[PDB]
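# Chains, contacts and geometry: an overview
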Amino acid sequence: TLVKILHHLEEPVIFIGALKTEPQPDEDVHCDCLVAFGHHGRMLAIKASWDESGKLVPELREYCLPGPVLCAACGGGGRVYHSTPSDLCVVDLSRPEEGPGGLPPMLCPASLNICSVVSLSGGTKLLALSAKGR
Amino acid sequence: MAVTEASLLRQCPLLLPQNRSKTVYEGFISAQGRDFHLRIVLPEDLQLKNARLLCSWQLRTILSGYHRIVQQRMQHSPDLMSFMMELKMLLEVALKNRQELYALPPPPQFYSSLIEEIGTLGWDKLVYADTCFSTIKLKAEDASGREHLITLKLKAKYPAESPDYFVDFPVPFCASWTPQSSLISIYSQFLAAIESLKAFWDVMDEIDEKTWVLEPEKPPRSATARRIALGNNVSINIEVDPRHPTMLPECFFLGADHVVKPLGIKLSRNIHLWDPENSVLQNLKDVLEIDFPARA
Amino acid sequence: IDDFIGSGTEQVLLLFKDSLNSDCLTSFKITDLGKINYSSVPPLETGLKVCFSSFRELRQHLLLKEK
């Protein structure tokens, strides 16, 4: 020198990112999905469907996952690590995508400001900052 | 009714006007036990060719895939009441399409009743429960001392309809399920079939323990057909009719052509000597008149 | 109180009396008061979580209707 409105979650926004669902080493992966998160726990997911009519239709979800989400990040292979003041939990989008939101803890404490380094040398190794300041 | 003074109230009780001139309506609309926020603004005249239709995002998400449809219905449809009937039909159809999306389990009916029923059963029987609490795997014992497992996939309203049972044992498991029925009933039927086959279980356990069974490796109890190896480059696939386990199981040979012909001819000659009292190995060793190799 | 196992969760360490030995931090007792216990249910929790989410959803619907 216009701006487009997509969904409008009613509660504030915390994390926006992307995943590679159906993951059946390189840094930049061609991400199949799109994810955002709320604070009070509203999660959003988008996918390309091209089902039931023979034309491309946007498949949206909207989950209401527990606890006030304080932070989240993405892991290689359609996984998302998010954090609530009780526990650090994880979500698997790899399976159209997922009807109900199933999530285990990782038995780590309330970590705010998570971040991941993908090793792919063993296993995946993330860096967290615990709410106690460690 | 014919007129839209009471017909609109009977067909959309939860949508109520704000203005004297009935132009601004706001409120809910109900389809499949869910009230969805909504408002709709006609101009001064009851024309729908240009009529604002504002919604909630929770509703726009669902109507994704029919926005052009509902737009066309607004400009085509004569009356508000007819249009709202069309809109309720479309919301219902779209949710029935996205029925994997909206369902869930009742908190005071499902997570309450299922655990009380598992307590009725016994905590030693449950081996596996999913995080989603959909899959539960149950264990059952025989009088001989074998474990047999059953998968159960539970629906949202579990005792309302039949739960999906995936049981191993080879017969078609006929599970009489009433609404009053629960896990103990299907487990009593599970033990009933397990004990009706305490005979078949002896046969297939003998074939597993004594003989070299080839490619039901770590055989599930579903396998009606057991591939017993005899000799070299030759095998017999015995399909046990589990209703009559001691009865002759339909069987043929696989391998080379020049060795299997004598085996088949000798089976055809000694078929009449099959007694239904002895073990299947005892019958086969005297019919085919040869000893079987044990883990060659 | 700290995480000495290196799991993430905090544990309590108790050091028993010095009459045992004249050597430091012998005779310990580590416990979480759950499962972890050294020395010298998930479905039910998820059901609680789902029921709480549905409760909060109904509260949202309720305030909407009052509005």
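Residues numbered from 1 in each chain as written, not as in the entry; some residues may be left out. Chains lettered and ligands numbered in written order. Part of a larger assembly, values for the part shown. Heavy atoms only, no water.

The deposited coordinates derive from cryo-EM, with the record listing a resolution of 3.10 Å.

## So, the sheet that holds strand β9 (residues 225-229) of chain B
All names here are of chain B. Strands sit in the order β9-β10-β11 across an open sheet of 3 strands; the sheet is antiparallel. In this open sheet, the two strands that pair with only one neighbour each are β9 and β11 (250-255). For this sheet, the mean inter-axis angle between neighbouring strands, taken without regard to orientation, is 25°. Here 6 bridges tie strand β10 (residues 234-239) to β11, and the two strands are oriented antiparallel to one another. Looking at β11, one finds that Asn-237 is bridged to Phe-252. (Pairing = 2+ DSSP bridges. Helix = DSSP H or I, 4+ residues; strand = E, 2+ residues; numbered from the N terminus. Axes fitted to C-alpha atoms, helices over the stretch in contact; angles between N-to-C directions.)

## As for the packing of aromatic side chains
Applying the stated criterion to the full structure yields 11 aromatic pairs over all chains. Relative to A:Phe37, the ring of A:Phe15 has its centre 6.2 Å away and its plane inclined at 35°; by these criteria the two rings are tilted. A:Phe37 matches A:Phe15 in its accessibility class, with the two residues each being buried. Ring centres of B:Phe110 and B:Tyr111 lie 5.9 Å apart, and the angle between their planes is 90°; this geometry places the pair in the edge-to-face category. Among the residues examined, B:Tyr111 registers a relative accessible area of 12% and is labelled buried. (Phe/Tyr/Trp six-rings, centres within 6.5 Å; stacked < 30°, edge-to-face > 60°. Buried < 20%, exposed > 50% of the residue type's maximum accessible area, 1.4 Å probe, protein only.)

## Some points on the interface of chain B and chain A
Between chain B and chain A, the contact holds 7 residues from the first and 13 residues from the second. Across the interface of chain B and chain A, roughly 1,000 Å² is buried in total on both sides, 60% from carbon and sulfur atoms. Here chain B is connected to chain A by 1 salt bridge. A salt bridge links A:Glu59 to B:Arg98; the nearest nitrogen and oxygen atoms lie 3.7 Å apart. At the boundary of chain B and chain A, one finds 1 residue pair in polar contact. For the side of chain B that touches chain A, a count of residues per class yields 3 nonpolar, 2 polar and 2 charged. (Contact = heavy atoms within 4.5 Å. Buried area = accessible area lost by both parts, 1.4 Å probe. Salt bridge = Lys/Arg side-chain N within 4 Å of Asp/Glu carboxyl O. Polar contact = N/O pair within 3.5 Å; in protein donor to acceptor, adjacent residues only side chain to side chain. Nonpolar A, V, L, I, M, F, W, Y, C, P; charged D, E, K, R; others polar.)

## Quick look at the sheet that holds strand β1 (residues 13-17) of chain A
Residues and elements named next belong to chain A. Across the sheet, which stays open at both edges, the 4 strands sit in the order β1-β2-β3-β4 with antiparallel pairing between neighbours. Edge positions in the sheet fall to β1 and β4 (58-64), since each has one partner strand and no second. Averaged over all pairs of adjacent strands, the angle between their axes in this sheet comes to 15°, without regard to strand direction. As defined by bridge partners, strand β3 (residues 42-48) adjoins β4 across 7 bridges and the pair is classed as antiparallel. Bridging from a neighbouring strand, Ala-45 pairs with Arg-61 of β4.

## With respect to the nonpolar core
All names here are of chain B. Counting residues in hydrophobic clusters, the biggest one holds 30 residues, and the most contacted among them are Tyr-158, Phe-169, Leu-183 and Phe-190. Elements with a minimum of two residues in this core: α5 (110-121), β6 (135-141), β7 (147-153), α6 (183-196) and α7 (200-210). Once residues lying within four places of it in the same chain are set aside, the contact partners of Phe-169 are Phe-190, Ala-193, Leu-197, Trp-201, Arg-221 and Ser-222. One finds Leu-38, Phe-83, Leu-87 and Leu-90 within the second-largest nonpolar core, a separate group that totals 25 residues. (Core = buried A, V, L, I, M, F, W, Y, C linked by side-chain atoms within 4.5 Å.)

## Examining the interface of chain B and chain C
Between chain B and chain C, the residue contacts involve 10 residues of the former and 10 residues of the latter. Taking both partners together, chain B and chain C bury about 920 Å²; carbon and sulfur atoms supply 71% of that area. At the surface where chain B touches chain C, the tally comes to 1 salt bridge. Across the salt bridge formed by B:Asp35 and C:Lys65, the nearest N and O atoms sit 2.9 Å from each other. Within the residue set of the side of chain B that touches chain C, elements represented by two or more residues are β3 (35-41) and α5 of chain B. Taken together, the residues that form the side of chain B that touches chain C break down as 7 nonpolar, 2 polar and 1 charged.

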